[PDB]
Amino acid sequence: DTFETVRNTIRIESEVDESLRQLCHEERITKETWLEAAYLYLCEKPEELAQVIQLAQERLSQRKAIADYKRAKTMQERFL
Amino acid sequence: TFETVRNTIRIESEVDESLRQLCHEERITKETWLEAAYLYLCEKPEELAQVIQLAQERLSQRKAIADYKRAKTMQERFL
């Protein structure tokens with residue numbers, strides 16, 4: 001049947017990753033599959049997915065900060 | 001003429017705890033030191049441009065730390 005698969009590389013915060021990876025192992029699931037289940041479940045619970053979205057971009061905005069921190073702290077030692 | 005301006009300062013934690021340790025064991029106050037630091041470095045352009053650059057980063061540093069603090073704290077009750 002028509003069931004292709006698409007490959008992309010994913011980076012997750014360590015504390016969350018080694019907990020999701022533990023849940024996927026705790027229940028005989030795959031990381032790529034738990035994401036699929038969540039996305040299909042939330043996509044049909046729209047008032048709930050809206051909260052996930054704002055949480056996601058607030059995690060990305062959070063991510064830029066942790067990066068921009070090291071962006072500068074590295075640039076500091078180039079002068080200190 | 002001689003006047004003084006009363007600016008409130010917010011110094012990074014590790015450095016502040018180190019300047020106060022310097023001035024206490026030197027018979028100095030951190031504000032006179034700041035006067036001395038500026039008066040020294042401004043007469044020496046090439047080194048000024050460096051402490052400018054170190055500052056430019058020292059501020060980008062803390063303003064990035066500010067973006068993080070606000071992002072998590074809004075997540076914290078966003079659940």
# chains A, B, ... in the order shown; residues from 1 in each chain; ligands from 1
>>> interface_residues(of="chain A", to="chain B", cutoff="8 Å", atoms="only C-alpha atoms", output="PyMOL selection string")
chain A and resi 55+58-59+61-63+65-66+68-70+72-73+75-76+79-80
>>> residues_around(residues="region 8-20 of chain A", least_positions_apart="5", cutoff="9 Å", atoms="only C-alpha atoms", output="list in words")
residues 25, 31 and 34 of chain A
>>> atom_distance(atom1="CA of residue 5 (chain A)", atom2="CA of residue 60 (chain A)")
25.8 Å
>>> select_by_dssp(residues="chain A", states="helix (DSSP H, G or I)", output="number ranges by chain")
A: 14-26, 31-43, 46-77
>>> residues_around(residues="region 20-37 of chain B", least_positions_apart="2", cutoff="12 Å", atoms="only C-alpha atoms", output="list in words")
residues 4, 5, 6, 7, 8, 9, 11, 13, 14, 15, 16, 17, 18, 39, 40, 41, 42, 43, 44, 47, 48 and 51 of chain B
>>> write_last_selection(atoms="C-alpha atoms", output="mmCIF file, in the first residue's frame")
data_model
loop_
_atom_site.group_PDB
_atom_site.id
_atom_site.type_symbol
_atom_site.label_atom_id
_atom_site.label_comp_id
_atom_site.auth_asym_id
_atom_site.auth_seq_id
_atom_site.Cartn_x
_atom_site.Cartn_y
_atom_site.Cartn_z
ATOM 1 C CA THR B 4 28.102 64.183 42.131
ATOM 2 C CA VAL B 5 25.368 62.247 40.308
ATOM 3 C CA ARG B 6 23.428 59.505 42.116
ATOM 4 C CA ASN B 7 23.073 56.629 39.656
ATOM 5 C CA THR B 8 21.663 53.292 40.781
ATOM 6 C CA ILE B 9 23.795 50.393 39.557
ATOM 7 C CA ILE B 11 26.242 44.720 38.960
ATOM 8 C CA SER B 13 26.837 38.844 41.049
ATOM 9 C CA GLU B 14 30.281 37.213 40.839
ATOM 10 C CA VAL B 15 31.972 40.497 39.903
ATOM 11 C CA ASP B 16 30.187 42.619 42.526
ATOM 12 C CA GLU B 17 31.168 40.175 45.276
ATOM 13 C CA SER B 18 34.736 40.582 43.948
ATOM 14 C CA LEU B 39 39.898 58.293 33.808
ATOM 15 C CA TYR B 40 42.657 55.768 33.101
ATOM 16 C CA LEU B 41 41.212 53.973 30.102
ATOM 17 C CA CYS B 42 39.771 56.962 28.227
ATOM 18 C CA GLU B 43 43.259 58.430 27.692
ATOM 19 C CA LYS B 44 44.258 55.134 26.001
ATOM 20 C CA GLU B 47 42.330 49.637 25.307
ATOM 21 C CA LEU B 48 39.094 51.620 25.609
ATOM 22 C CA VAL B 51 36.584 47.333 27.285
#
